[PDB]
Protein chains: 2
Amino acid sequence: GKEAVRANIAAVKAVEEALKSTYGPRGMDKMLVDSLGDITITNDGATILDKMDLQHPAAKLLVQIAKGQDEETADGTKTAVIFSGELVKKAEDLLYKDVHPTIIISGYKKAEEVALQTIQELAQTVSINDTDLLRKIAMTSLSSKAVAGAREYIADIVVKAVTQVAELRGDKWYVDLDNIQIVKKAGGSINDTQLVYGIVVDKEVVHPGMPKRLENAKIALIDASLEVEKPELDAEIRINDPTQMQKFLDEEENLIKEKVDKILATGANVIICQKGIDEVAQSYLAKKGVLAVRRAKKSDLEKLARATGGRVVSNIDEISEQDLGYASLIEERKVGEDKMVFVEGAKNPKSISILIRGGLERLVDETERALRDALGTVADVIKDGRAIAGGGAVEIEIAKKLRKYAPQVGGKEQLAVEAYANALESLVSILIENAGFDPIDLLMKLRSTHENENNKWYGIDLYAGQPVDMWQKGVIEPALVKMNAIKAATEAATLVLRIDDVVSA
Amino acid sequence: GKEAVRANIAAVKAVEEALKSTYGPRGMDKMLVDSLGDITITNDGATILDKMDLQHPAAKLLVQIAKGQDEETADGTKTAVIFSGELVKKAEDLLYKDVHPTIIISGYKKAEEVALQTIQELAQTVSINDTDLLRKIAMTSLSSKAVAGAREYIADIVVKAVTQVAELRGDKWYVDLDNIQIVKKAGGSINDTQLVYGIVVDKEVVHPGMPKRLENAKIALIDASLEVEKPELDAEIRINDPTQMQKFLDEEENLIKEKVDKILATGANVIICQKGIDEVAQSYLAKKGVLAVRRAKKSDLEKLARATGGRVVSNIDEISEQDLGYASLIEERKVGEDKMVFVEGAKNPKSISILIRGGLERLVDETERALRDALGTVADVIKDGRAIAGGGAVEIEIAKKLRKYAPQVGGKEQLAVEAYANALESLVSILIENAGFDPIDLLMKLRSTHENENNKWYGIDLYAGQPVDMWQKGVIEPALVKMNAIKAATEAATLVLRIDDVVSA
Ligand SMILES: Nc1ncnc2c1ncn2[C@@H]1O[C@H](COP(=O)(O)OP(=O)(O)O)[C@@H](O)[C@H]1O
Ligand SMILES: Nc1ncnc2c1ncn2[C@@H]1O[C@H](COP(=O)(O)OP(=O)(O)O)[C@@H](O)[C@H]1O
């Protein structure tokens, strides 16, 4: 009964109160200071919840549904939760009127149904051919984050980056984000960032006496120990004369050269690994004319593996005339400050990376967040093929269309549905609020400007304060992201109500 | 006297107050947070009592009778207890009137008798031939749990799954649930779950160089250590020259190959065990063309043992030309995300398994609960052969029929019986309550609609709020489950009253 159910609700409303002021494209920012001392300020939902530990079960339950939503991009999780808590709020008012929660559930379900198809039988068909459209959908996502200086630059990139990896595995597209690497290093402004048509390794070469530019390379992904073997563990021993010394360090030096020749046995122009490479073994590779790289996060070896059609050598005594990937040109431009290795024109085409350079140690970090989400979302538009105008446009519609529905739904459930609708408009008010305008004023002024059947795409320009056509202003979103959000929010919302009591161990 | 007897009752009523709000098919849900931090919300009685530690003796005594009821399925234990506590409540009112508890006992006994046969001489004869009926009885059980999306899918499965294992050992059916394995792994929705006509092992093959598909296999259930023998415990020793090394690791490697050949001595296409298999022994089995699996819960070896007509090899030096089971086709489809081994078309027909895939790490878990109970109950319908319409239909009947009985029973005992009846209707009110309708209103409106001798199967549709024919709406239950419940509840109920005082050590 009311006992605990109030608590869960409480907790949920609580989570809402944590993002509410950051919703919308011109929302606020929350600050986060690591215990280490480092500060990071943002308005990315995932981060605001990952870095913010909540304890109450209901809450972990809400976020579990929100973050681990139904798809790629992190977008809409912020909606999923806000809208989620709003249903809870507006549902609370129903319990006050004494309507069994089981009813508010059915009410919401039926409302969800309609609310949902109302997006389908309204969404517009977007095809990856139309490149001038995604140019917008991209900004409609990244323009939302801190970094809003010359976004067209980043926006444009994001579009090319995805269309590059896309495929048509049986008239059914499949964009695998893993085919894109993202590396970042301080320096200049964000305009100094660019996309490379191949993998990019952030780690300077091992020795200066090595080829800093190979034509038609044959990469050798060697993952294993490549340094003189400490021989102390194997043996503890004494020594007399210098005659013994020589033959000791000589063959021991020849032991590493063995692994090296056994690898060059495939004849590779370049060889990179993820462990410490001996300094004596460098002079050897240097004299051989090989290009080698020290420790390097396995995280990129893989992305570089299937990007150059090679294998990540497990055991050196097993290397094959094929485990080595091919390329076209390797380089090491000292871009920014440090020097990085490039592997442009790989064997595998659909495989590129992006290089972020925000400038400051932290500004760069959040550019990566925005970019991650930006890419994800764009890929989702393609994987599906439906896209609607964002701006609260779909909210008010889902509302109105819902109000005309309620009347017939039934006795009490009606109230549930009428509610589901009101809670939903609350969504757009919050959006207005953060814009700095009277939420009620514009909401009424907008839901009014939706009488004209030819305004479906009308929303509220958060800079001029007035209803305008969102679509014809470059503001679109994956009709699926803001759709799964609704399924999500309602899932959570009705789930909290389904709960009668909590007993833990 | 009143002294302690109040306490026990108190405790019992207490247990009722813990499930009451979860009774019925549209009941509430209770939340459970493990001390580890993980949360599980449910309305399955067993779980609500297992995960909820009660201390008072009476309570452990009630649940002992309830859980360890009289049969398979966990269903009705929730009834057994609620109804149990209701008799206690309504019996308490009798003590208030000063009627020795010994009398309330006899009262209840005699009422139980009648209440019981009233189900027999009223139940309808169901035969396993009628497959279109169990299609319902299954839903009448699983539709009750959280997972209510496309249940017809699961419901249908459950029916085929049992009829598959059923037997007629001397015109007396015997369904052994153990002949059905249940494996679960996240991924997609629940619609992505299916039943396999043979055992299914959740564990990827041991080596990539092995046959991932054998025609007509001869399984070898080898339960024992299959890895190079650590020789340190056996011996501690020194070493000089490399001549000694070779003959050491060589024969030691040949030691494991021995066990392998001694097993292949039966000539098996596949061999799986429940321990760690050496990596060198893999290269051997790989070169031999055998399909082997690493550690695997003994829990499935057995289900796979008598499912393929083989023995679980205790000692490798004892394997026989028969201890190995036969099959038809083994496979390893990467269904979902990970890869699992299948053993379809085994030697033994009546032996299948079910694969659950709810999607989320927890959603999948409760689908297994619902499914377990769902299977159990269906099997019980067959083992017996009698089934009645659920929906409170039988309650009100057992009531009415009971009221006409009371008058003749006797002086005081009458009140006991009239009570036994009232307490029983309370059962259906609780059911109504959770539906969101006035318990009294409908109960009277329903027990009224039972004047018409042709409505016996009439109950209250918990979605429209009105008496309708439950039977003709696909709502049936094992006339035995809701029968043993009554025996159970009354057992417990009268047992608490039989107690005069508790003295512990
Ligand atoms: N340019 C824009 N003009 C008006 N509304 C916008 C614009 N961009 C996004 N929105 C609205 O903001 C809503 C929420 O997005 P946002 O606040 O960025 O975080 P999230 O996508 O995680 O909810 C979406 O409903 C959306 O249509
Ligand atoms: N579809 C239905 N319509 C009406 N009553 C139902 C339906 N399904 C089950 N019931 C009633 O619910 C009662 C209790 O079942 P339930 O609440 O699921 O848990 P348990 O079986 O453990 O008591 C049974 O008496 C039963 O007939």
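Applying the selection to segment B:444-483, what residues are of a type in the set (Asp, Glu) and near ligand 2 (Cβ under 9 Å from one of its atoms)?
Residues satisfying the conditions are B:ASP461, B:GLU477.
Please pick out the residue among B:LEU226, B:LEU177, B:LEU249 that is out of contact with any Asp or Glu (no Cβ under 8 Å at 6 or more places or on another chain) and among the hydrophobic types (A, V, I, L, M, F, W, C).
None of the other options fit; the residue is B:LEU249.
Taking into account only those residues within segment B:291-307 that are within 19 Å of B:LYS350 (Cβ to Cβ) and among the small types (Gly, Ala, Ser), which is surrounded by the fewest Cβ atoms within 10 Å (Cβ to Cβ)?
B:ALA305
For B:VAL81, are the conditions met, namely being in a helix (DSSP H, G or I), more than 13 Å from ligand 2 (Cβ to nearest atom) and crowded, with 21+ Cβ neighbours inside 10 Å?
No.
Go through (1) buried (at least 23 other Cβ atoms within 10 Å of the Cβ); (2) within 12 Å of chain B (Cβ to nearest Cβ); (3) charged (D, E, K, R) one by one and return the number of the condition A:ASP501 breaks.
(1)
Sort through B:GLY391, B:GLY325, B:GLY310 and tell me the only one that's away from chain A (no Cβ under 14 Å), crowded, with 23+ Cβ neighbours inside 10 Å, over 20 Å from B:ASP202 (Cβ atoms) and touching a residue at least 24 places away in the same chain (Cβ under 8 Å). Can you show your working first?
Working: B:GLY325 fails: over 20 Å from B:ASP202 (Cβ atoms); B:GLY310 fails: over 20 Å from B:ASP202 (Cβ atoms).
Answer to the selection: B:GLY391.
State yes or no: is A:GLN69 in the same structural domain as A:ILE460 (by CATH), assigned to a helix (DSSP H, G or I) and either surrounded by fewer than 20 Cβ atoms within 10 Å (Cβ to Cβ) or within 16 Å of ligand 1 (Cβ to nearest atom) (or both)? Step through it out loud before you land on a result.
On the way: in the same structural domain as A:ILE460 (by CATH): yes; assigned to a helix (DSSP H, G or I): no; either surrounded by fewer than 20 Cβ atoms within 10 Å (Cβ to Cβ) or within 16 Å of ligand 1 (Cβ to nearest atom) (or both): yes.
Considered against the rule, which asks whether it is in the same structural domain as A:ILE460 (by CATH), assigned to a helix (DSSP H, G or I) and either surrounded by fewer than 20 Cβ atoms within 10 Å (Cβ to Cβ) or within 16 Å of ligand 1 (Cβ to nearest atom) (or both), A:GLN69 comes out as no.
Look through segment A:8-35, keep the residues that are buried (at least 16 other Cβ atoms within 10 Å of the Cβ) and either within 14 Å of chain B (Cβ to nearest Cβ) or of a type in the set (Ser, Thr, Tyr) (or both), and return whichever of them is nearest to ligand 2 (Cβ to nearest atom).
Looking at the filtered set, the residue picked out is A:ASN8.
Taking segment B:38-66 as the search range and keeping residues that are outside any helix (DSSP H, G or I) and hydroxyl-bearing (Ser, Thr, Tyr), which one is nearest to B:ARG362 (Cα to Cα)? Break it down stepwise before answering.
Start the filter on segment B:38-66 by keeping residues that are outside any helix (DSSP H, G or I), which leaves B:38-44, B:51-56.
When the remaining residues are screened for being hydroxyl-bearing (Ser, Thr, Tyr), the result is B:40, B:42.
Numbers: B:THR40: 7, B:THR42: 11 Å.
Ranking the qualifying residues of segment B:38-66, first place goes to B:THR40.
State which residue is surrounded by the fewest Cβ atoms within 10 Å (Cβ to Cβ) when the search covers only segment B:369-388 and only residues that are more than 9 Å from ligand 2 (Cβ to nearest atom) and assigned to a strand (DSSP E or B).
B:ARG386
Just checking, how many residues over segment A:285-334 are of a type in the set (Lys, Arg) and part of a helix (DSSP H, G or I)?
Final tally of qualifying residues: 4.
Considering only residues that are more than 13 Å from every other protein chain (Cβ to nearest Cβ) and aliphatic (A, V, I, L, M), look in segment A:91-113 and name the one that is nearest to A:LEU497 (Cα to Cα).
Checked segment A:91-113; the qualifying residue nearest to A:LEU497 (Cα to Cα) is A:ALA91.
So in segment B:471-505, with the set limited to residues that are among the polar types (S, T, N, Q) and either more than 21 Å from the chain's Cα centre (by Cα) or within 16 Å of ligand 1 (Cβ to nearest atom) (or both), which one is nearest to B:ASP441 (Cα to Cα)? Let's see the steps before the verdict.
Our first condition is that a residue be among the polar types (S, T, N, Q); within segment B:471-505, this holds for B:472, B:484, B:490, B:494, B:504.
Going one step further and asking which of them are either more than 21 Å from the chain's Cα centre (by Cα) or within 16 Å of ligand 1 (Cβ to nearest atom) (or both), we end up with B:472, B:490, B:494, B:504.
Working: B:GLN472: 23, B:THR490: 27, B:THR494: 30, B:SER504: 46 Å.
Filtering segment B:471-505 for residues that are among the polar types (S, T, N, Q) and either more than 21 Å from the chain's Cα centre (by Cα) or within 16 Å of ligand 1 (Cβ to nearest atom) (or both), the one nearest to B:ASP441 (Cα to Cα) comes out as B:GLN472.
Evaluate segment A:36-50: report whether one residue or more is within 14 Å of chain B (Cβ to nearest Cβ) and touching a residue at least 60 places away in the same chain (Cβ under 8 Å).
no
Is there any pair linking a residue in segment A:123-148 that is hydroxyl-bearing (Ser, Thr, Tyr) to one that is away from ligand 1 (no atom under 16 Å from the Cβ), with Cβ under 8 Å and at least six apart or on different chains, and which?
Listed by first residue and then by second, the contacts come to A:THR125/A:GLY385; A:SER127/A:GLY385; A:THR131/A:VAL159; A:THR131/A:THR163.
If a residue must be in contact (Cβ under 8 Å) with a residue 40 or more places away in the chain and part of a loop (DSSP other than H, G, I, E, B), how many such residues does segment A:221-247 contain?
Residues that pass the stated criteria total 5.
Can you pull out the residues in segment B:346-368 that are β-branched (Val, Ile, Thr) and outside any helix (DSSP H, G or I)? Step through it out loud before you land on a result.
Let us first name the residues in segment B:346-368 that are β-branched (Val, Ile, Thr), namely B:352, B:354, B:356, B:364, B:367.
Answer for segment B:346-368, where residues must be β-branched (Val, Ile, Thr) and outside any helix (DSSP H, G or I): B:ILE352, B:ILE354, B:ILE356.
Name the strands (runs of 3 or more DSSP E) wholly inside segment A:162-220 in which the number of residues that are small (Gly, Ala, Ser) is 1 or more.
A:198-201
Output the residue which, of all residues in segment B:129-146 that are more than 14 Å from chain A (Cβ to nearest Cβ) and either among the basic types (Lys, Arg) or not in a helix (DSSP H, G or I) (or both), is farthest from ligand 2 (Cβ to nearest atom). If you could, list the steps in order and put the result at the bottom.
So in segment B:129-146, the residues more than 14 Å from chain A (Cβ to nearest Cβ) come out as B:129-143.
Checking the rest, the ones that are also either among the basic types (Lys, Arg) or not in a helix (DSSP H, G or I) (or both) come to B:129-130, B:135-136, B:143.
On the way: B:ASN129: 24, B:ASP130: 19, B:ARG135: 14, B:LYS136: 9, B:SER143: 7 Å.
Residue satisfying both the conditions and the ranking: B:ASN129.
Scan segment A:73-95 and tell me whether some residue there is in contact with a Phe, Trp or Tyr (Cβ under 6 Å, 6 or more places away or on another chain), hydrophobic (A, V, I, L, M, F, W, C) and away from ligand 1 (no atom under 16 Å from the Cβ).
no
Just to verify a result, which residue in segment A:436-465, among those that are surrounded by fewer than 19 Cβ atoms within 10 Å (Cβ to Cβ) and aliphatic (A, V, I, L, M), is nearest to A:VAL88 (Cα to Cα)?
Among those that are surrounded by fewer than 19 Cβ atoms within 10 Å (Cβ to Cβ) and aliphatic (A, V, I, L, M), it is A:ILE440.
Condition first: away from ligand 1 (no atom under 16 Å from the Cβ), surrounded by 24 or more Cβ atoms within 10 Å (Cβ to Cβ) and not assigned by CATH to the domain that holds A:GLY376. Can you find one or more residues in segment A:111-129 that meet it?
Here is the first cut: in segment A:111-129, the residues away from ligand 1 (no atom under 16 Å from the Cβ) are A:111-114, A:117, A:120-121, A:125, A:127-129.
With surrounded by 24 or more Cβ atoms within 10 Å (Cβ to Cβ) added as a condition, the list becomes A:111.
From the residues that got through so far, the ones that are not assigned by CATH to the domain that holds A:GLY376 too are A:111.
Yes, segment A:111-129 has at least one match.
When segment B:86-101 is examined, which residues are found to be crowded, with 21+ Cβ neighbours inside 10 Å and either without any contact (Cβ under 8 Å) to a residue 12 or more places away in the chain or within 13 Å of ligand 2 (Cβ to nearest atom) (or both)?
Listed by number, the list holds a single entry, B:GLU86.
Which condition from (1) surrounded by 13 or more Cβ atoms within 10 Å (Cβ to Cβ); (2) out of contact with any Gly (no Cβ under 8 Å at 6 or more places or on another chain); (3) in the same structural domain as B:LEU375 (by CATH) is the one that B:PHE248 breaks?
(3)
List the number of the failed condition for A:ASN216; all other conditions in (1) surrounded by 12 or more Cβ atoms within 10 Å (Cβ to Cβ); (2) under 39 Å from the mean Cα position of the chain (by Cα) hold.
Status for A:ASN216: all satisfied but (1).
What is reported rests on the model, the rules as stated and the sources as named; no laboratory instrument gave them. For neighbour counting, all protein chains shown are included, and Cβ atoms are generated from backbone atoms with ideal geometry for every residue, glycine included.
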